[PDB]
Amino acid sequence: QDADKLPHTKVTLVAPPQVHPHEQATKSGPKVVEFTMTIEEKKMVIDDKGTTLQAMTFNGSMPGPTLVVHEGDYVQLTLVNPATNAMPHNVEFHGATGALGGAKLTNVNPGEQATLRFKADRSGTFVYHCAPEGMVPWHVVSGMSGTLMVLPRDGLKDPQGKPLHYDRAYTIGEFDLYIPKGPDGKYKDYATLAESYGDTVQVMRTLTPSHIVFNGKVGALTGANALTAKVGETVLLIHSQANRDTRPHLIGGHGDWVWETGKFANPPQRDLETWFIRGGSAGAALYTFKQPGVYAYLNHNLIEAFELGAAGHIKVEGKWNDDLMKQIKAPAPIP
């Protein structure tokens, strides 16, 4: 169909780690699904010792919100760059075809907005990110990325075509940060975004992140902000990394079905311990919880997780199952 003649619907986005309400399988025909995002440059505290990042975001969060459509829908995004920001921005959708993913059609200076439509003709999770000419990696590593999820119209399927369903989706964006230090060995704090640029590029070129965080900060997805589930619930874990490889893992769980390259027309793999999200992509894993307790969800380069920040928690309620795991003898003196 011709999109100019199709029904339009508007979606209200929600902040990560939640994902806006949506259908999996749907009886709906194709639609033009309208979204708006407003860019916010802001200084953020990214660790427990007061380190700040001169950050750049879609909609005020790292990652930006996840946008969900169905295959054959059109995405119609209005991108707003308020006059309170300093930099130009745009958006590149890996789910889109042409014009550098839309970036060439969405260059907005502070004070401007633009509206892009594209056909979401390929199913999968896809990164979107800012990509202004001449300063692409800086905008990405400063926070400007998120996920577009294009569901098959009949929902997710296993390799034999059997339906897969989730009860809850969570979106995790993983951010390799390049925060400069000064000659005193302390992280720098900058009064403006522009002042951070040159020093940050030098750190970037070392390819060594200072921090690697989920969802904007060390510990973002812990404590009151842990992810939650129950025994018996199936969760979809969407993982985006717009710049650098990562290897997600659920400690004490598995990826029951995983699309690590993130593209739902391909059969998923089962029983994964650790999967691989290529830098510049989003992938997705399903898991049905079978044990209660506090899980970790992390990048299984354990230095990247525990030393640099790429780890969160999932608090799961329900009944312990001694068939799956039992302590036969508790720690006690060696006989």
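Just count from 1 along the sequence shown to find any residue number.
- Higher average CA B factor: 23 to 31, of the stretches 291 to 299 and 23 to 31.
- Higher mean CA temperature factor between 122 to 130 and 155 to 163: 155 to 163, per the PDB entry.
- Per the PDB record, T222 has a higher Cα B-factor than any other of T222, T171, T246, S145.
- Comparing the C-alpha B-factors of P180, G98, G111, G255 in the entry, the top value falls on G111.
- In this PDB entry, the Cα temperature factor of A311 sits in the bottom third of its chain's modelled residues, the lowest group.
- Per the PDB record, residue ranking by Cα B-factor puts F214 in the lowest third of the chain.
- Ranked within its chain, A305 lands in the lowest third, by CA B factor from the PDB record.
- Annotation for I277: CA B-factor lies in the lowest third of the chain's modelled residues.
- Residue-level temperature factors show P268 in the middle third of its chain, judged at the C-alpha atom.
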